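Okay, structure first, notes after.
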Amino acid sequence: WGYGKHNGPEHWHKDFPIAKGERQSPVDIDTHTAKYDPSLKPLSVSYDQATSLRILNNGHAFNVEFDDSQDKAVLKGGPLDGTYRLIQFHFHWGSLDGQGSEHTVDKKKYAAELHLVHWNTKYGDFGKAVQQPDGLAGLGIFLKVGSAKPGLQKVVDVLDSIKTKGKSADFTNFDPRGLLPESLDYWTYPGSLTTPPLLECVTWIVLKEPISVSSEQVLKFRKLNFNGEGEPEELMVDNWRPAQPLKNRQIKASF
Ligand SMILES: [Hg+2]
Ligand SMILES: [Zn+2]
């Protein structure tokens, strides 16, 4: 699996049958069909005590890893019951600015989409959480092309170092509070991971308001490699998956 012509999302059902699941992700958010639920509480993001360890190129994206041995960076409130621990965040981008996000707003696609992944901390470890229907919380943030995002420059500058598949680099003192929008208004629904094993373990929380990044910021993204150092160079682009069937499921809005 990859995003190639021969191992793209259209081929994952063969290796991971849940690809054709009942609670698959991403999906199209029909803002006119989303149900305003006044029973939804505000989100609570406690990232002031966050501890970043390193950045890694896994061959399909890059991951910014955080120390989740304790409640340093947590997500609670909203549609969730209990605390969720920030284990990692990564992005999805396109080759061009007209595609890249995984979730769509009224069929509209953004340049990129940031996924902040958290696990339910009544299950003790990530491995355990992915065995539960409410094991994970994906915090979805759309990225659009405009003004530069200061808080993202650190990431962009270190990409050089994790150019290829398997490379990693120390990446401590990185504050995630810098990648958040002003408003916390969100849409929520029961989904899955957007990549293999595609576990139908996730509670999606997609923010209304996108963050803006510069053309030259998103540009360094496109310079990453899928391939391993010393292999024919295949640029890491369009590492996103096409929207799936809602299938009866319903999308709630906090606004
Ligand atoms: Hg699950
Ligand atoms: Zn993702």
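Numbering (the deposited numbering), first residue to last: 5 to 125, 127 to 260.
Built from N, CA and C at the ideal position, the CB exists for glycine as well.
Can you say whether residue i is buried or exposed, counting buried as having 16 or more other CB atoms within 10 angstroms of its CB?
{"i": "residue 262", "result": "Residue 262 is absent from the structure shown; the chain starts at 5 and stops at 260."}
{"i": "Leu240", "result": "exposed"}
{"i": "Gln136", "result": "exposed"}
{"i": "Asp72", "result": "buried"}
{"i": "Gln249", "result": "buried"}
Can you tell me which of the three DSSP states residue i falls into?
{"i": "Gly132", "result": "helix"}
{"i": "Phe231", "result": "coil"}
{"i": "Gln103", "result": "coil"}
{"i": "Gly145", "result": "strand"}
{"i": "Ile216", "result": "strand"}
{"i": "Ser188", "result": "coil"}
{"i": "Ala174", "result": "strand"}
{"i": "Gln249", "result": "strand"}
{"i": "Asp165", "result": "helix"}
{"i": "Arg58", "result": "strand"}
{"i": "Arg182", "result": "helix"}
{"i": "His122", "result": "strand"}
Taking residue i as the reference, which of the options has the closest Cα?
{"i": "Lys113", "options": "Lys159, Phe20 and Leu148", "result": "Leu148"}
{"i": "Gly143", "options": "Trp5, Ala258 and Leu79", "result": "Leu79"}
{"i": "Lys9", "options": "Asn253, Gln255, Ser259 and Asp243", "result": "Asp243"}
{"i": "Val161", "options": "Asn253, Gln74, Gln53 and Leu224", "result": "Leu224"}
{"i": "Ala134", "options": "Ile91, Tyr51 and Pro215", "result": "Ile91"}
{"i": "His36", "options": "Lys111, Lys18, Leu84 and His64", "result": "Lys111"}
{"i": "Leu141", "options": "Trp123, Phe66 and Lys24", "result": "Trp123"}
Roughly how far, in whole angstroms, is the beta-carbon of residue i from the beta-carbon of residue j, given that I think they are within contact range, below 8 Å?
{"i": "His96", "j": "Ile33", "result": "That belief does not hold up - the Cβ atoms of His96 and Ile33 are roughly 15 Å apart, past 8 Å."}
{"i": "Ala116", "j": "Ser105", "result": "7 Å"}
{"i": "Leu198", "j": "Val211", "result": "The pair is not a contact, with the Cβ atoms about 15 Å apart (cut-off 8 Å)."}
{"i": "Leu251", "j": "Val31", "result": "5 Å"}
{"i": "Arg27", "j": "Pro195", "result": "5 Å"}
{"i": "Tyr51", "j": "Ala258", "result": "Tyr51 to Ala258, Cβ: 24 Å. No contact."}
{"i": "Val150", "j": "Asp101", "result": "5 Å"}
{"i": "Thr125", "j": "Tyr88", "result": "7 Å"}
What residues does ligand 2 have around it, judged by CB closer than 6 Å to any heavy atom, in chain order? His94, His96, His119 and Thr199
Considering only heavy atoms of ligand 1, list every residue whose Cβ is less than 7 Å from one of them, following chain order. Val135, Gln136, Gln137, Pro138, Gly140, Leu204, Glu205 and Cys206
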